[PDB]
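So the structure is just underneath, and the comments pick up after that.
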Amino acid sequence: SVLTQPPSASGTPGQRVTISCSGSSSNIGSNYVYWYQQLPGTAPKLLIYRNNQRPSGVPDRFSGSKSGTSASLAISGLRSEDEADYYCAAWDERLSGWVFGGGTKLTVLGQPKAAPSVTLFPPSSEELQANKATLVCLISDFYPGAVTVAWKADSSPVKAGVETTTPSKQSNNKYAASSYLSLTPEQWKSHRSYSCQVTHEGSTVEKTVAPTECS
Amino acid sequence: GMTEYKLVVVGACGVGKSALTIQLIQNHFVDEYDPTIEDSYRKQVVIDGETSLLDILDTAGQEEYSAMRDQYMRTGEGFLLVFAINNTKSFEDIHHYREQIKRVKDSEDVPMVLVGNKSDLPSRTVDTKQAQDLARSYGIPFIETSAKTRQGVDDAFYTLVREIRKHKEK
Amino acid sequence: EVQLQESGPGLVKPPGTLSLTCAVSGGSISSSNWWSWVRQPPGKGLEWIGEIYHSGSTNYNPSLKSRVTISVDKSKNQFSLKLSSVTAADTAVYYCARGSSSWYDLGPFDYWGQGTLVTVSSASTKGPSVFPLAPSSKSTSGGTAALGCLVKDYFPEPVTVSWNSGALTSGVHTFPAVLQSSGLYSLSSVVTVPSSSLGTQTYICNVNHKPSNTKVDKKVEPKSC
Ligand SMILES: Nc1nc2c(ncn2[C@@H]2O[C@H](COP(=O)(O)OP(=O)(O)O)[C@@H](O)[C@H]2O)c(=O)[nH]1
Ligand SMILES: C[As](C)(=O)[O-]
Ligand SMILES: C[As](C)(=O)[O-]
Ligand SMILES: C[As](C)(=O)[O-]
Ligand SMILES: [Mg+2]
């Protein structure tokens, strides 16, 4: 990116947060600045145009300003719905191109802890016919977006065949993750039990499935 | 010298806003154009010898009263008040547009031109004298246009530009 | 409300040329606006590619100028992007956008398309295998039950999943995919339904994998020995 922004910003709810954007005489020093807000999974949305003007649906608490070769975005009434990525943009006379800052991920601190829901699925009979076996462990709706997942074959820990995603922010500012255990049908049929074990903020949820059971 | 004129074309649904605009820009008659499309267009013309830059906003229905929409219209310097001659109600809505135009610009003196479109039709429900009278009460000209035959199209737009000069040069 | 939708191949093999098209609705390509292409590598920031006016005039990002072509096709009301000699650095989400209004400047990006992930890689496309995640007499939660579809071993992203052809919206949660060490992706989609309708109601997940032009409708039925 040609412009410069901090990669992250923090704020407790209700307080005022500032996001800077540093340029040079070619771009910010000579031209208007525009700000864009991007929610996870969606296209960016115009937030501030011409240094400090607001479009529709952009509330009072969003304000911009430009001084010299530098620009700033200010969010006063900080709500949890403001968690998003913010980008500044401007025309650069020397490059004859639109330039962006690297973007700032805004985090609203102090959100309440939430324990994960955990659903564990055994291999489908159909997958077993194909001589494959995948155990699926789905983990959702947890805050502090950090979990550890451990798998157990009976009582012994199993690390081979484990693939776990990194937690990703859902639409309700909570996090989701999943972990997959790949086995051969023989491994599945031999042990009496397998377990997905999820730890979150010192508390643990453990779901278990067995080959013998079958609803 | 390379001067800008920002014109807004307003009127009820189906009066020929998109038809008149596209005839001025792309020089042809569009039969069935999407009624929802609101776009701006740019054309370089020579009015009374002076080379001019024409920016035209072809409005589309759902009128809104957000501040930005007002700001969007304040950018307009002239306004074509367009109605169809076979539409009695589009003529009755003319004053409803004029009141809103003066409201956003905060002024009793706004350059406008009254335009009766679809003047190629054999059937007519709005008399020409009826619109002559309404135009005088506003102090604006009245042009009898037809986008299907391109009769008076340039005349109507060029007149609006001339009504803009006699406002910044006063 | 002008609307933009980008379409193009999900996978491009290197030396090859990436080609994308943006179909424009609710607005003419001949309006006095500038039609841009923007891209965003996954997890990283936005990067402008280039611009075109309906007269054919263009401006390109200098760092990409030698590889980029942007075109306009008024007959189809489209504009397009060609990016030659792709490498792994061109893997990104590529938005099309409209801005630089000329009537009232709101910036270069007033309206945006949705995106379409373009993956530049040397491995080949692979369509998914879809397996049911049957609700068991263990995985119920009282009056509510979770059932799903396992979408295994596909490349490249993305896969989208709906249920009962869109009639089933509430309770749906499609999880982010996992990238396995084999270079293949897998995801699960789950929906919570009343456990009193597992014998009555039919549940079908609609899995769409555009990169391989594959759709799978998988019946998910109660579990049976
Ligand atoms: N005969 C005739 N028909 C017209 C004329 N102008 C517009 N129309 C027709 O009126 C219909 C609506 O016109 P349109 O441009 O879409 O009006 P708008 O909704 O205000 O944009 C179209 O189907 C046109 O064919 C005209 O000058 N003569
Ligand atoms: C109010 As907008 C940024 O959709 O033109
Ligand atoms: C800066 As992101 C690209 O971490 O907002
Ligand atoms: C076409 As431009 C980048 O000068 O708004
Ligand atoms: Mg129209």
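FYI, nothing fancy with the structure tokens labels: chains A, B, ... in order, residues from 1 per chain, ligands from 1 as they appear.
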Closest-contact table, chain B side, partner ligand 1, 8 Å, counting only C-alpha atoms and all ligand atoms, as a tab-separated table:
```
residue	atom	partner	partner_atom_place_in_ligand_line	distance
B:10	CA	ligand 1	20 (O)	7.7
B:11	CA	ligand 1	20 (O)	6.2
B:12	CA	ligand 1	20 (O)	6.1
B:13	CA	ligand 1	19 (O)	4.3
B:14	CA	ligand 1	19 (O)	3.5
B:15	CA	ligand 1	20 (O)	4.4
B:16	CA	ligand 1	17 (O)	3.2
B:17	CA	ligand 1	20 (O)	3.7
B:18	CA	ligand 1	15 (O)	3.7
B:19	CA	ligand 1	15 (O)	3.6
B:20	CA	ligand 1	6 (N)	6.6
B:29	CA	ligand 1	25 (O)	7.8
B:30	CA	ligand 1	25 (O)	6.6
B:31	CA	ligand 1	25 (O)	4.2
B:32	CA	ligand 1	23 (O)	4.5
B:33	CA	ligand 1	16 (O)	5.1
B:34	CA	ligand 1	16 (O)	6.5
B:35	CA	ligand 1	19 (O)	4.8
B:36	CA	ligand 1	19 (O)	7.7
B:58	CA	ligand 1	21 (O)	7.5
B:59	CA	ligand 1	21 (O)	7.7
B:60	CA	ligand 1	21 (O)	6.7
B:61	CA	ligand 1	19 (O)	7.7
B:84	CA	ligand 1	6 (N)	8.0
B:117	CA	ligand 1	27 (O)	5.3
B:118	CA	ligand 1	27 (O)	3.5
B:119	CA	ligand 1	27 (O)	6.1
B:120	CA	ligand 1	28 (N)	5.7
B:121	CA	ligand 1	1 (N)	5.7
B:145	CA	ligand 1	27 (O)	6.6
B:146	CA	ligand 1	27 (O)	3.4
B:147	CA	ligand 1	27 (O)	3.5
B:148	CA	ligand 1	27 (O)	4.3
B:149	CA	ligand 1	27 (O)	6.7
B:150	CA	ligand 1	27 (O)	7.4
```
Let's have the selection written as a compact mmCIF listing (two decimals), in the first residue's frame, with N, CA and C atoms.
```txt
# COMPACT_ATOMS: atom_id res chain seq x y z
N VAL B 10 -36.46 16.52 -14.73
CA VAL B 10 -37.42 16.00 -13.77
C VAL B 10 -38.77 15.82 -14.46
N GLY B 11 -39.61 15.01 -13.85
CA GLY B 11 -40.95 14.77 -14.36
C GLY B 11 -41.49 13.44 -13.88
N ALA B 12 -42.81 13.27 -14.04
CA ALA B 12 -43.49 12.06 -13.63
C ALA B 12 -43.02 10.87 -14.47
N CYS B 13 -43.43 9.68 -14.04
CA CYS B 13 -43.00 8.46 -14.71
C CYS B 13 -43.58 8.40 -16.13
N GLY B 14 -42.71 8.12 -17.10
CA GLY B 14 -43.13 7.91 -18.46
C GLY B 14 -43.25 9.15 -19.33
N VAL B 15 -42.91 10.33 -18.80
CA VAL B 15 -43.06 11.55 -19.59
C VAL B 15 -42.04 11.63 -20.72
N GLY B 16 -40.93 10.91 -20.61
CA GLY B 16 -39.91 10.94 -21.64
C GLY B 16 -38.59 11.53 -21.18
N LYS B 17 -38.33 11.47 -19.87
CA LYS B 17 -37.07 11.98 -19.34
C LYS B 17 -35.88 11.25 -19.96
N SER B 18 -35.88 9.92 -19.86
CA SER B 18 -34.81 9.14 -20.47
C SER B 18 -34.79 9.30 -21.98
N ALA B 19 -35.96 9.47 -22.60
CA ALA B 19 -36.02 9.61 -24.05
C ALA B 19 -35.38 10.92 -24.51
N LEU B 20 -35.73 12.03 -23.86
CA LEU B 20 -35.17 13.32 -24.24
C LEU B 20 -33.67 13.37 -23.98
N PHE B 29 -33.54 7.49 -30.67
CA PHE B 29 -34.72 7.29 -29.84
C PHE B 29 -34.68 5.89 -29.23
N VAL B 30 -34.68 5.83 -27.90
CA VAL B 30 -34.73 4.56 -27.18
C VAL B 30 -36.19 4.23 -26.91
N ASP B 31 -36.63 3.06 -27.37
CA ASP B 31 -38.03 2.66 -27.30
C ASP B 31 -38.47 2.42 -25.86
N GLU B 32 -38.04 1.30 -25.28
CA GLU B 32 -38.44 0.90 -23.93
C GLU B 32 -37.20 0.89 -23.04
N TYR B 33 -36.95 2.02 -22.38
CA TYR B 33 -35.82 2.16 -21.48
C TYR B 33 -36.26 1.92 -20.05
N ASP B 34 -35.40 1.23 -19.29
CA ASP B 34 -35.65 0.90 -17.89
C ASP B 34 -36.11 2.13 -17.11
N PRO B 35 -37.32 2.11 -16.55
CA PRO B 35 -37.82 3.29 -15.84
C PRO B 35 -37.07 3.60 -14.55
N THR B 36 -36.34 2.64 -13.98
CA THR B 36 -35.68 2.84 -12.70
C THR B 36 -34.30 3.47 -12.82
N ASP B 58 -30.53 12.61 -15.49
CA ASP B 58 -31.83 12.04 -15.83
C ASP B 58 -32.38 11.35 -14.59
N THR B 59 -33.27 12.03 -13.88
CA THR B 59 -33.82 11.47 -12.65
C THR B 59 -34.74 10.29 -12.94
N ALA B 60 -34.82 9.39 -11.97
CA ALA B 60 -35.75 8.27 -12.01
C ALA B 60 -36.51 8.20 -10.69
N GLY B 61 -37.78 7.80 -10.79
CA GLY B 61 -38.86 8.00 -9.83
C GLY B 61 -38.63 8.28 -8.35
N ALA B 84 -45.80 14.96 -20.28
CA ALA B 84 -46.31 14.47 -21.54
C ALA B 84 -47.66 15.13 -21.84
N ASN B 117 -43.59 17.07 -23.78
CA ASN B 117 -43.02 16.02 -24.61
C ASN B 117 -44.13 15.22 -25.30
N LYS B 118 -43.71 14.38 -26.26
CA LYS B 118 -44.61 13.53 -27.04
C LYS B 118 -45.57 14.38 -27.88
N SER B 119 -45.02 15.40 -28.53
CA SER B 119 -45.82 16.28 -29.39
C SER B 119 -46.02 15.71 -30.79
N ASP B 120 -45.66 14.45 -31.02
CA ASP B 120 -45.93 13.76 -32.28
C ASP B 120 -47.22 12.96 -32.25
N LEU B 121 -47.90 12.91 -31.11
CA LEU B 121 -49.07 12.06 -30.96
C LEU B 121 -50.30 12.73 -31.57
N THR B 145 -41.67 19.59 -27.40
CA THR B 145 -40.66 18.65 -27.84
C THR B 145 -41.27 17.30 -28.20
N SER B 146 -40.52 16.54 -28.99
CA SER B 146 -40.85 15.16 -29.32
C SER B 146 -39.54 14.39 -29.41
N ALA B 147 -39.32 13.46 -28.48
CA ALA B 147 -38.11 12.66 -28.51
C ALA B 147 -38.13 11.62 -29.63
N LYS B 148 -39.31 11.26 -30.13
CA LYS B 148 -39.40 10.25 -31.18
C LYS B 148 -38.96 10.80 -32.53
N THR B 149 -39.23 12.08 -32.80
CA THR B 149 -38.80 12.72 -34.03
C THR B 149 -37.67 13.72 -33.81
N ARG B 150 -37.21 13.88 -32.57
CA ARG B 150 -36.14 14.81 -32.21
C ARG B 150 -36.52 16.25 -32.58
```
- Mind checking which residues fall within 10 Å of residue 78 in chain B, counting only C-alpha atoms, ignoring those fewer than 5 positions away in the same chain, and posting them as a count of residues only? 18
- Task: Can you check which residues of chain B have any atom within 10 Å of chain C? Use only C-alpha atoms and format it as a ChimeraX atom specification.
- Result: /B:6-7,25-26,34-43,55-57,71-73,75-76
Resulting file, chosen residues, N, CA, C and O atoms, as a PDB file, in the first residue's frame:
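Full text of selection.pdb as output:
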```pdb
ATOM      1  N   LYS B   6     -24.731  22.211 -15.484  1.00  0.00           N
ATOM      2  CA  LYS B   6     -25.320  21.036 -14.850  1.00  0.00           C
ATOM      3  C   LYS B   6     -26.838  21.157 -14.908  1.00  0.00           C
ATOM      4  O   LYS B   6     -27.425  22.016 -14.241  1.00  0.00           O
ATOM      5  N   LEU B   7     -27.464  20.292 -15.702  1.00  0.00           N
ATOM      6  CA  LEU B   7     -28.902  20.307 -15.923  1.00  0.00           C
ATOM      7  C   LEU B   7     -29.534  19.065 -15.309  1.00  0.00           C
ATOM      8  O   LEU B   7     -28.953  17.977 -15.348  1.00  0.00           O
ATOM      9  N   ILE B  25     -27.815  13.160 -26.116  1.00  0.00           N
ATOM     10  CA  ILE B  25     -26.471  12.612 -25.980  1.00  0.00           C
ATOM     11  C   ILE B  25     -26.142  11.707 -27.161  1.00  0.00           C
ATOM     12  O   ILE B  25     -25.243  12.004 -27.955  1.00  0.00           O
ATOM     13  N   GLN B  26     -26.869  10.599 -27.282  1.00  0.00           N
ATOM     14  CA  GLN B  26     -26.516   9.535 -28.211  1.00  0.00           C
ATOM     15  C   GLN B  26     -27.244   9.628 -29.548  1.00  0.00           C
ATOM     16  O   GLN B  26     -27.041   8.762 -30.406  1.00  0.00           O
ATOM     17  N   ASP B  34     -35.404   1.232 -19.285  1.00  0.00           N
ATOM     18  CA  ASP B  34     -35.646   0.895 -17.889  1.00  0.00           C
ATOM     19  C   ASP B  34     -36.112   2.128 -17.115  1.00  0.00           C
ATOM     20  O   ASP B  34     -35.363   3.115 -17.020  1.00  0.00           O
ATOM     21  N   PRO B  35     -37.322   2.110 -16.554  1.00  0.00           N
ATOM     22  CA  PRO B  35     -37.821   3.294 -15.836  1.00  0.00           C
ATOM     23  C   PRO B  35     -37.066   3.601 -14.552  1.00  0.00           C
ATOM     24  O   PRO B  35     -37.144   4.738 -14.072  1.00  0.00           O
ATOM     25  N   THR B  36     -36.340   2.637 -13.981  1.00  0.00           N
ATOM     26  CA  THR B  36     -35.678   2.844 -12.698  1.00  0.00           C
ATOM     27  C   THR B  36     -34.295   3.470 -12.819  1.00  0.00           C
ATOM     28  O   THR B  36     -33.770   3.967 -11.816  1.00  0.00           O
ATOM     29  N   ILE B  37     -33.698   3.469 -14.010  1.00  0.00           N
ATOM     30  CA  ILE B  37     -32.310   3.894 -14.157  1.00  0.00           C
ATOM     31  C   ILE B  37     -32.215   5.409 -14.023  1.00  0.00           C
ATOM     32  O   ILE B  37     -32.866   6.157 -14.761  1.00  0.00           O
ATOM     33  N   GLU B  38     -31.384   5.866 -13.089  1.00  0.00           N
ATOM     34  CA  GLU B  38     -31.041   7.275 -12.942  1.00  0.00           C
ATOM     35  C   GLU B  38     -29.540   7.422 -13.157  1.00  0.00           C
ATOM     36  O   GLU B  38     -28.746   6.891 -12.374  1.00  0.00           O
ATOM     37  N   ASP B  39     -29.158   8.126 -14.220  1.00  0.00           N
ATOM     38  CA  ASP B  39     -27.754   8.276 -14.573  1.00  0.00           C
ATOM     39  C   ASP B  39     -27.454   9.725 -14.929  1.00  0.00           C
ATOM     40  O   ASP B  39     -28.346  10.505 -15.271  1.00  0.00           O
ATOM     41  N   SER B  40     -26.174  10.070 -14.846  1.00  0.00           N
ATOM     42  CA  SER B  40     -25.667  11.336 -15.346  1.00  0.00           C
ATOM     43  C   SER B  40     -24.959  11.109 -16.676  1.00  0.00           C
ATOM     44  O   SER B  40     -24.375  10.049 -16.913  1.00  0.00           O
ATOM     45  N   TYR B  41     -25.026  12.112 -17.548  1.00  0.00           N
ATOM     46  CA  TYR B  41     -24.422  12.040 -18.871  1.00  0.00           C
ATOM     47  C   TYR B  41     -23.637  13.315 -19.147  1.00  0.00           C
ATOM     48  O   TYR B  41     -23.886  14.364 -18.549  1.00  0.00           O
ATOM     49  N   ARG B  42     -22.679  13.209 -20.067  1.00  0.00           N
ATOM     50  CA  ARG B  42     -21.786  14.312 -20.403  1.00  0.00           C
ATOM     51  C   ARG B  42     -21.686  14.453 -21.914  1.00  0.00           C
ATOM     52  O   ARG B  42     -21.461  13.464 -22.621  1.00  0.00           O
ATOM     53  N   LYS B  43     -21.835  15.684 -22.403  1.00  0.00           N
ATOM     54  CA  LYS B  43     -21.792  15.970 -23.830  1.00  0.00           C
ATOM     55  C   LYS B  43     -21.191  17.350 -24.053  1.00  0.00           C
ATOM     56  O   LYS B  43     -21.517  18.301 -23.336  1.00  0.00           O
ATOM     57  N   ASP B  55     -23.527  18.541 -18.405  1.00  0.00           N
ATOM     58  CA  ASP B  55     -23.751  17.449 -17.467  1.00  0.00           C
ATOM     59  C   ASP B  55     -25.238  17.398 -17.154  1.00  0.00           C
ATOM     60  O   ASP B  55     -25.799  18.369 -16.635  1.00  0.00           O
ATOM     61  N   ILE B  56     -25.875  16.275 -17.474  1.00  0.00           N
ATOM     62  CA  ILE B  56     -27.323  16.133 -17.387  1.00  0.00           C
ATOM     63  C   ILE B  56     -27.649  14.981 -16.449  1.00  0.00           C
ATOM     64  O   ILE B  56     -27.141  13.868 -16.626  1.00  0.00           O
ATOM     65  N   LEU B  57     -28.496  15.247 -15.460  1.00  0.00           N
ATOM     66  CA  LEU B  57     -28.975  14.219 -14.544  1.00  0.00           C
ATOM     67  C   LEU B  57     -30.389  13.829 -14.962  1.00  0.00           C
ATOM     68  O   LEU B  57     -31.327  14.620 -14.822  1.00  0.00           O
ATOM     69  N   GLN B  71     -28.523  17.549  -1.629  1.00  0.00           N
ATOM     70  CA  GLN B  71     -27.207  17.956  -2.111  1.00  0.00           C
ATOM     71  C   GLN B  71     -26.982  17.507  -3.547  1.00  0.00           C
ATOM     72  O   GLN B  71     -26.350  18.217  -4.339  1.00  0.00           O
ATOM     73  N   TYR B  72     -27.489  16.326  -3.900  1.00  0.00           N
ATOM     74  CA  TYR B  72     -27.374  15.846  -5.270  1.00  0.00           C
ATOM     75  C   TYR B  72     -28.063  16.794  -6.243  1.00  0.00           C
ATOM     76  O   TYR B  72     -27.577  17.011  -7.357  1.00  0.00           O
ATOM     77  N   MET B  73     -29.191  17.377  -5.835  1.00  0.00           N
ATOM     78  CA  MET B  73     -29.961  18.214  -6.747  1.00  0.00           C
ATOM     79  C   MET B  73     -29.449  19.649  -6.772  1.00  0.00           C
ATOM     80  O   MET B  73     -29.500  20.305  -7.819  1.00  0.00           O
ATOM     81  N   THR B  75     -26.615  20.619  -6.958  1.00  0.00           N
ATOM     82  CA  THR B  75     -25.599  20.680  -8.002  1.00  0.00           C
ATOM     83  C   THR B  75     -26.195  21.105  -9.337  1.00  0.00           C
ATOM     84  O   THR B  75     -25.487  21.660 -10.184  1.00  0.00           O
ATOM     85  N   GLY B  76     -27.487  20.862  -9.541  1.00  0.00           N
ATOM     86  CA  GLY B  76     -28.127  21.281 -10.776  1.00  0.00           C
ATOM     87  C   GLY B  76     -28.259  22.793 -10.836  1.00  0.00           C
ATOM     88  O   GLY B  76     -28.658  23.438  -9.858  1.00  0.00           O
TER      89      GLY B  76
END
```
- Around ligand 4, at most 12 Å away and counting only C-alpha atoms and all ligand atoms, which residues are there? Put them as a ChimeraX atom specification, please. /A:27,31-32,89-93,95-99 /C:32-36,48-61,98-110
- Message: Give me, as a ChimeraX atom specification, the residues of chain A touching chain B, with the criterion being at most 9 Å (counting only C-alpha atoms).
- Response: /A:54-56
- Residues at most 10 Å from residue 44 in chain B, counting only C-alpha atoms, excluding those fewer than 6 positions away in the same chain, as a list in words? residues 2, 4, 25, 51, 52, 53, 54 and 55 of chain B
Could you write those residues out with N, CA, C and O atoms, as a JSON list (two decimals), in the first residue's frame?
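Below you can see out.json, which holds the result:
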```
[["chain", "number", "residue", "atom", "x", "y", "z"],
["B", 2, "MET", "N", -13.67, 26.77, -20.95],
["B", 2, "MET", "CA", -14.35, 25.47, -21.07],
["B", 2, "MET", "C", -15.28, 25.33, -19.87],
["B", 2, "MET", "O", -14.93, 24.80, -18.82],
["B", 4, "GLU", "N", -18.92, 24.68, -17.58],
["B", 4, "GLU", "CA", -19.76, 23.55, -17.21],
["B", 4, "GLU", "C", -21.19, 24.02, -16.96],
["B", 4, "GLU", "O", -21.40, 25.04, -16.29],
["B", 25, "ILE", "N", -27.81, 13.16, -26.12],
["B", 25, "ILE", "CA", -26.47, 12.61, -25.98],
["B", 25, "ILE", "C", -26.14, 11.71, -27.16],
["B", 25, "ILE", "O", -25.24, 12.00, -27.96],
["B", 51, "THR", "N", -18.31, 26.99, -26.77],
["B", 51, "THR", "CA", -18.19, 25.56, -26.52],
["B", 51, "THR", "C", -18.47, 25.28, -25.04],
["B", 51, "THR", "O", -17.82, 25.85, -24.16],
["B", 52, "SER", "N", -19.45, 24.41, -24.78],
["B", 52, "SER", "CA", -19.94, 24.18, -23.43],
["B", 52, "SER", "C", -19.88, 22.71, -23.08],
["B", 52, "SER", "O", -19.96, 21.83, -23.95],
["B", 53, "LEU", "N", -19.74, 22.44, -21.78],
["B", 53, "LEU", "CA", -19.72, 21.09, -21.24],
["B", 53, "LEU", "C", -21.06, 20.84, -20.54],
["B", 53, "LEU", "O", -21.39, 21.53, -19.57],
["B", 54, "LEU", "N", -21.81, 19.86, -21.04],
["B", 54, "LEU", "CA", -23.16, 19.59, -20.56],
["B", 54, "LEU", "C", -23.16, 18.35, -19.67],
["B", 54, "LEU", "O", -22.85, 17.25, -20.13],
["B", 55, "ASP", "N", -23.53, 18.54, -18.41],
["B", 55, "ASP", "CA", -23.75, 17.45, -17.47],
["B", 55, "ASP", "C", -25.24, 17.40, -17.15],
["B", 55, "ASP", "O", -25.80, 18.37, -16.64]]
```
- Mind pulling up the distance from CA of residue 214 in chain A to CA of residue 201 in chain C?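 According to the coordinates, CA of residue 201 in chain C and CA of residue 214 in chain A are separated by 20.4 Å.
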- Message: Distance cut-off 8 Å, counting only C-alpha atoms - which residues of chain A neighbour chain C? Return them as number ranges by chain.
- Response: A: 1, 34, 42-46, 49-50, 95-103, 119-124, 126-127, 163-165, 168, 176-178, 214-215
- Using only C-alpha atoms, determine which residues lie at most 10 Å from residue 160 in chain C, disregarding the query and same-chain residues fewer than 6 positions distant; provide the list as a list in words. residues 151, 174, 187, 189, 206, 207, 208, 209, 210 and 215 of chain C
How would the residues just chosen look if you wrote them out with N, CA and C atoms as a PDB file, in the first residue's frame?
```
ATOM      1  N   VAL C 151     -18.696 -31.267   2.764  1.00  0.00           N
ATOM      2  CA  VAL C 151     -18.262 -30.984   1.400  1.00  0.00           C
ATOM      3  C   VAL C 151     -16.753 -31.182   1.373  1.00  0.00           C
ATOM      4  N   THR C 174     -22.975 -22.092   7.473  1.00  0.00           N
ATOM      5  CA  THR C 174     -21.920 -22.684   6.662  1.00  0.00           C
ATOM      6  C   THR C 174     -20.572 -22.240   7.215  1.00  0.00           C
ATOM      7  N   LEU C 187     -15.338 -28.211   3.739  1.00  0.00           N
ATOM      8  CA  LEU C 187     -16.161 -27.435   4.652  1.00  0.00           C
ATOM      9  C   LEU C 187     -17.373 -28.261   5.052  1.00  0.00           C
ATOM     10  N   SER C 189     -21.634 -27.512   6.142  1.00  0.00           N
ATOM     11  CA  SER C 189     -22.770 -26.626   6.336  1.00  0.00           C
ATOM     12  C   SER C 189     -23.786 -27.351   7.196  1.00  0.00           C
ATOM     13  N   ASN C 206     -27.980 -27.827  -1.123  1.00  0.00           N
ATOM     14  CA  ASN C 206     -27.608 -27.496  -2.495  1.00  0.00           C
ATOM     15  C   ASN C 206     -26.190 -26.946  -2.472  1.00  0.00           C
ATOM     16  N   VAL C 207     -25.240 -27.753  -2.932  1.00  0.00           N
ATOM     17  CA  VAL C 207     -23.826 -27.396  -2.932  1.00  0.00           C
ATOM     18  C   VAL C 207     -23.443 -26.924  -4.328  1.00  0.00           C
ATOM     19  N   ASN C 208     -22.862 -25.731  -4.413  1.00  0.00           N
ATOM     20  CA  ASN C 208     -22.477 -25.136  -5.686  1.00  0.00           C
ATOM     21  C   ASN C 208     -20.973 -24.901  -5.694  1.00  0.00           C
ATOM     22  N   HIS C 209     -20.287 -25.471  -6.681  1.00  0.00           N
ATOM     23  CA  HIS C 209     -18.851 -25.263  -6.877  1.00  0.00           C
ATOM     24  C   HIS C 209     -18.636 -24.731  -8.294  1.00  0.00           C
ATOM     25  N   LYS C 210     -18.695 -23.406  -8.439  1.00  0.00           N
ATOM     26  CA  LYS C 210     -18.531 -22.796  -9.757  1.00  0.00           C
ATOM     27  C   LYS C 210     -17.211 -23.134 -10.444  1.00  0.00           C
ATOM     28  N   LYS C 215     -22.935 -28.724  -9.413  1.00  0.00           N
ATOM     29  CA  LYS C 215     -23.964 -28.567  -8.395  1.00  0.00           C
ATOM     30  C   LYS C 215     -24.361 -29.949  -7.893  1.00  0.00           C
TER      31      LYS C 215
END
```
- Message: Would you compute the distance between CA of residue 125 in chain A and CA of residue 183 in chain C? Give it in Å to one decimal.
- Response: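 Computing the Euclidean distance for CA of residue 125 in chain A and CA of residue 183 in chain C yields 25.5 Å.
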Tell me, as a compact mmCIF listing (two decimals) with N, CA, C and O atoms, in the first residue's frame, which residues lie within 9 Å of residue 170 in chain A, counting only C-alpha atoms; anything in the same chain fewer than 2 positions away does not count.
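In the end it all went to around09.txt:
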```
# COMPACT_ATOMS: atom_id res chain seq x y z
N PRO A 40 -16.67 -8.30 7.37
CA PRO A 40 -16.18 -9.60 6.89
C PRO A 40 -17.08 -10.19 5.81
O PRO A 40 -18.30 -10.27 5.97
N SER A 140 -18.90 -23.18 17.44
CA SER A 140 -19.44 -21.88 17.05
C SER A 140 -19.83 -21.04 18.27
O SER A 140 -19.94 -21.54 19.39
N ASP A 141 -20.02 -19.74 18.01
CA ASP A 141 -20.63 -18.79 18.95
C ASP A 141 -19.80 -18.56 20.20
O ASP A 141 -20.35 -18.32 21.28
N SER A 168 -12.78 -17.75 12.94
CA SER A 168 -13.16 -16.65 12.07
C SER A 168 -14.40 -15.97 12.62
O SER A 168 -15.30 -16.63 13.15
N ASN A 172 -22.34 -12.15 14.02
CA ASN A 172 -22.69 -11.59 15.31
C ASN A 172 -21.47 -11.32 16.19
O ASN A 172 -21.55 -11.44 17.42
N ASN A 173 -20.33 -11.00 15.58
CA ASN A 173 -19.10 -10.65 16.28
C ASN A 173 -18.57 -11.78 17.15
O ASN A 173 -17.58 -11.60 17.87
N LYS A 174 -19.22 -12.94 17.11
CA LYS A 174 -18.67 -14.14 17.73
C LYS A 174 -17.86 -14.92 16.70
O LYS A 174 -17.80 -14.57 15.52
N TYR A 175 -17.20 -15.98 17.16
CA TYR A 175 -16.28 -16.73 16.34
C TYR A 175 -16.77 -18.15 16.10
O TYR A 175 -17.57 -18.70 16.87
N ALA A 176 -16.28 -18.74 15.01
CA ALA A 176 -16.60 -20.10 14.64
C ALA A 176 -15.33 -20.79 14.18
O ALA A 176 -14.39 -20.15 13.70
```
- Counting only C-alpha atoms and all ligand atoms, the residue of C:149, C:221, C:11, C:41 that sits nearest ligand 3: C:41
- For residue 144 in chain A, work out the shell of residues within 10 Å, counting only C-alpha atoms and skipping chain neighbours fewer than 6 positions away, then give it as JSON, numbers by chain. {"A": [111, 112, 113, 114, 115, 167, 174, 175, 200, 201]}
